[PDB]
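Enquirer: my sequence and its experimental structure, below.
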Amino acid sequence: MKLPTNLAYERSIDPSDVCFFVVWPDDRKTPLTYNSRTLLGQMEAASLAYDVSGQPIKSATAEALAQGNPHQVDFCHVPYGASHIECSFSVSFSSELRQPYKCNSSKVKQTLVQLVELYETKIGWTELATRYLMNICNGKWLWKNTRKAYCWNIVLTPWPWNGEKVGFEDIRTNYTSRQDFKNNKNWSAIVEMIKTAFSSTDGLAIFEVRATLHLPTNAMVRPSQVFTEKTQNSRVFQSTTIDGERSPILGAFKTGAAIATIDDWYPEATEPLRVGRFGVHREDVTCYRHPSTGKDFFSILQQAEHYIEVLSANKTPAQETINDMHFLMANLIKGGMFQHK
Amino acid sequence: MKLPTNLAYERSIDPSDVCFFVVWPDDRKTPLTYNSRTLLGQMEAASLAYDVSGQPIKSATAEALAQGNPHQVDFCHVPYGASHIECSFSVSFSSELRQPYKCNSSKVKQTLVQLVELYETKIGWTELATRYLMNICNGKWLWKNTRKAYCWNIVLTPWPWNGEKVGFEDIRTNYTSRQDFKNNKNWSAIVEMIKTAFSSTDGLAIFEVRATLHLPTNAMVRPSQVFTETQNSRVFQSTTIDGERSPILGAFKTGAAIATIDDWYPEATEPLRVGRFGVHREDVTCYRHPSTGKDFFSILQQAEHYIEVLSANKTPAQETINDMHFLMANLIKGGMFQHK
């Protein structure tokens, strides 16, 4: 199947920013603040003592290395008498993957409408909606604040819902594997909103999420930080205006890239990845699912004729040809433009 | 081996600010405060009476050099009727050193994973975890307040812990050496935390520290002061505790006190802060300079060599296990080690 010169989708999952508030012993909440401040560190770089050759530069003598290196960082921390910290955002699962957003080829459009119809008939939205909702229901979207903390709690408020706000207390101790989440009081109900918000032609499914972090005394909190385009700022935080005070926030896209760390289908997978075309692992800077592997998105998307006669035939398909369908559907939920030429 | 173009670790020891309180008799607490007060000194600088060379300037007469010199400092002290001063913070011991935070070469990653696992087998974390933990249990992070005090006391509160708060009484006359610290009742159980903190892929081990400094009457206290860029010649760092500015010990100033360990550099008398080519800032030089070959980067490139020493049957020399503690203590320190 030759690609069009216009193909684009809209995303199905719409997160938002995460706001940090300080809860005192009494019922009073305040926007968390920060401050830029200058430190004086050592002069360790290995480009300040070694040139490209490798034997040491002689301009950097033993007196010079101990001189002192003043720099400036933004600095955020929990205040002294505080009790914990609130963190809140909102998600929306919205069925935008049913048909393309723009597609100048009718035969490619009828291909990608039949896949999404044959997928939920034969495979189902149970695996994707379970994997997407695990990263909301435990603090994946709190990135490093989950680490080095006493206990963190999540409280859900699903919108087309009757009552009794869904909560997850002491997530590290009680919510570890999938079977811990299925032992929740209402896990079947919140998965079934996301299965219907991908099935109906108007599925909506708004969640209101809210955290509670218990850190040590006077501890450090780490928000997302901006793309910067006699002391130069070495750490600049992202921020939003709450009331009249500058407060740190978690990137709207930093939050939606925590929900979609799902891709553990890649050819020799251990640790799951953020879903994308030829999926990158930014820790160790490589692409798994490289085009030379043939298991990226476009090499799967051009097998879209072959995947239909697999799913329509009554022999139930192998695990190799469903983990290519999970990866294909979870890229249509991610969005993006899919053109060539 | 060779340093990749990306290598970076995160750290394993995260301290906080130290906040100073004033304990009144009847046991009510108040945050310690301060005030900028001006003064008027003599005119001693040697650049006011001698030139760039060294012969005396003829403008600085006897009368014009006895003229008085007014300035400004911040001045913190204990209130008159007080009893003592609290100081409080918290440390977290994490296992960030197990794998690189970011590394674009997978030959170097799988070498720097194996050294950690050959170090906890042939040597173990007992020597490093004892050295980090003493600098809390005697008030090293109380820098100058320790000096000129009657006594001070430390009380720990470890987090994955059952009960019976660990306490150190009269540190100046009670705990002086290592075997003085190994005679506390619960000291094995706290070194076993930092061992189990470093040994797993999620080890956590939070501590809660709180000191109790009995000062003389009306004595100065010395917090950490800002890098400023009449005028203020000493500006303290500060936070807000009850809507009142109060001095604090720098979070980075505290973290450099738990990490004054390094007495392995080849003329070791006094321990240094752990750094790449470890500097001594009193007498401004670098020990472990790259001309010695005993900095961090001329040891980390011998990382492959250490795998063919630590995997054998024999217990190696101090020349090659002191330089394994130094390889480890810079991975706990964190930082970026890439070149080109």
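Expert: Cool, got the structure. Numbering: from 1, shown residues only, chains lettered A, B, ... in the order given.
Enquirer: what helix or strand is residue A:22 on?
Expert: For residue A:22, the host element (DSSP states H and E) is strand A:18-23.
Enquirer: now that strand: buried residues?
Expert: A:18, A:19, A:20, A:22, A:23 (16 or more other Cβ atoms under 10 Å in any protein chain shown). C-beta here means a position set from N, CA and C on the backbone, and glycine is covered the same way.
Enquirer: can you put these in JSON lines and add distance to chain B?
Expert: Listed next are these as JSON lines, based on distance: Cβ to the nearest Cβ, whole Å:
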{"residue": "A:18", "distance to chain B": "21"}
{"residue": "A:19", "distance to chain B": "21"}
{"residue": "A:20", "distance to chain B": "17"}
{"residue": "A:22", "distance to chain B": "12"}
{"residue": "A:23", "distance to chain B": "17"}
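Enquirer: a markdown table for the residues you listed, including distance to residue A:97?
Expert: Formatted as a markdown table, the buried residues of strand A:18-23 follow (distance: Cβ to Cβ, whole Å):
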| residue | distance to residue A:97 |
| --- | --- |
| A:18 | 25 |
| A:19 | 29 |
| A:20 | 32 |
| A:22 | 39 |
| A:23 | 38 |
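Enquirer: what residues does the stretch 201-341 of chain A have near chain B?
Expert: A:216, A:217, A:218, A:219, A:220, A:230, A:231, A:282, A:283, A:284, A:285, A:286 (Cβ under 8 Å from any Cβ of the partner chain).
Enquirer: what about the fifth one, neighbour count?
Expert: In other words, residue A:220. Applying other Cβ atoms under 10 Å in any protein chain shown, we find 19 residues neighbouring residue A:220.
Enquirer: what's the closest non-adjacent residue to it?
Expert: residue A:77 (5.2 Å; Cβ to Cβ, 6 or more residues apart in numbering or on different chains).
Enquirer: please apply the same query to residue A:218.
Expert: Excluding its sequence neighbours, the residue lying closest to residue A:218 (Cβ to Cβ, 6+ apart) is residue B:16, at 4.2 Å.
Enquirer: which residues are in contact with the one you found?
Expert: A:77, A:216, A:217, A:218, A:219, A:220, B:89, B:90, B:91, B:251, B:254 (Cβ atoms under 8 Å, 6 or more residues apart in numbering or on different chains).
Enquirer: which stretches in chain A count as helices?
Expert: For chain A, the helices defined by DSSP state H occupy A:106-122, A:126-137, A:171-174, A:178-182, A:188-196, A:252-259, A:297-301, A:306-312, A:323-332.
Enquirer: give me the phi and psi for residue A:76.
Expert: Here is the backbone geometry of residue A:76 (degrees, to the nearest 10): phi -120, psi 140.
Enquirer: no no, residue A:315
Expert: Residue torsions, per degrees, to the nearest 10, at residue A:315 are phi -70, psi 120.
Enquirer: quick one: it from chain B, how far?
Expert: 39 Å (Cβ to the nearest Cβ, to the nearest Å).
Enquirer: for residue A:71, list each beta-bridge partner.
Expert: residue A:39 (DSSP bridges).
Enquirer: ignore what I typed, I meant residue A:86.
Expert: Bridge pairing for residue A:86 - DSSP bridges - gives residue A:21, residue A:212.
Enquirer: equivalent analysis for residue A:166, please.
Expert: In this entry, residue A:166 is beta-bridged to residue A:156, by DSSP bridges.
Enquirer: ok, it to chain B distance?
Expert: On the measure of Cβ to the nearest Cβ, residue A:166 and chain B end up 26 Å apart.
Enquirer: before we move on, what about residue A:327?
Expert: 23 Å.
Enquirer: okay, the strand holding residue A:22 in CSV with CA atoms only?
Expert: Output of strand A:18-23 as CSV, limited to C-alpha atoms (Å, rounded to 0.1, in the frame of the first residue of the first chain):
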residue,chain,number,x,y,z
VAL,A,18,0.0,19.5,36.6
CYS,A,19,-0.2,22.1,39.3
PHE,A,20,1.7,21.8,42.6
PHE,A,21,0.1,23.1,45.9
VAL,A,22,1.3,22.9,49.5
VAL,A,23,-1.0,21.5,52.1
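Enquirer: just how off-centre is that strand within its chain?
Expert: How far strand A:18-23 lies from its chain's middle: 19 Å, per Cα atoms, centre = their mean, to the nearest Å.
Enquirer: now do stretch A:8-26
Expert: Remark: stretch A:8-26 is offset 12 Å from the chain centroid, using Cα atoms, centre = their mean.
Enquirer: got it, and stretch A:106-120?
Expert: On Cα atoms, centre = their mean, the centre of stretch A:106-120 falls 27 Å from that of its chain.
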